[PDB]
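# Fold the following and give me the result.
(chains A and B)
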Amino acid sequence: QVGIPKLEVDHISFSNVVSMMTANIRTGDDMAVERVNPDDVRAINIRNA
Amino acid sequence: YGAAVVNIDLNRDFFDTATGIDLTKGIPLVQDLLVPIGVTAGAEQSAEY
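Numbering: from 1, shown residues only, chains lettered A, B, ... in the order given. Sure, the structure comes next:
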């Protein structure tokens, strides 16, 4: 038979397998971008959806 | 003897700086006559032609 899920029954259980990252997720290399503006505001195409 | 190149220019003496024209670049160039809006500074220059 397969094992009964721990949430499915009323028993408390004090040892469990917890997944975890081996080291911190926030490495500190936050993403940064090169925004570049439209050259001329009059030429911008508002149209087409 | 020893002329390198002989060009046909617009006559600076007729089209004087009093006309607001500047013929030093090879073309007439009047500042601040026609000039596009909504463009980054220094984008105006082709209009000077």
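# Residue 21 - how many residues pack around it?
In the absence of a named chain, this looks at chain A. When counting by other C-beta atoms under 10 Å in any protein chain shown, one arrives at 6 neighbours for residue A:21. All C-beta spots, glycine's among them, are computed from the backbone N, C-alpha and C.
# wait, I meant chain B there
For residue B:21, the neighbour count with other C-beta under 10 Å is 17.
# Ok, residue B:46 next?
Number of residues near residue B:46 (other C-beta under 10 Å) recorded here: 8.
# quick one: it is in a helix?
Yes - per DSSP: H, G, I helix; E, B strand; the rest coil, residue B:46 lies within a helix segment.
# Of all the residues in chain B, which one is nearest chain A?
Closest residue of chain B to chain A, C-beta to the nearest C-beta: residue B:38 (3.7 Å).
# Tell me how many other residues surround the residue in chain A that chain B sits nearest to.
Of all residues in chain A, the one sitting closest to chain B is residue A:41 (3.7 Å; C-beta to the nearest C-beta). If you count neighbours by other C-beta under 10 Å, residue A:41 ends up with 10.
# what's the answer for the one 4 residues further on, then?
Neighbour count for residue A:45, taken as other C-beta under 10 Å: 6.
# if we can go back for a sec, report the contact partners of the nearest residue to the residue of chain A closest to chain B once chain neighbours are set aside.
Of all residues not flanking residue A:41 in the chain, residue B:38 sits nearest, at 3.7 Å (C-beta to C-beta, 6 or more residues apart in numbering or on different chains). For residue B:38, the contacting residues are A:40-43, by C-beta atoms under 8 Å, 6 or more residues apart in numbering or on different chains.
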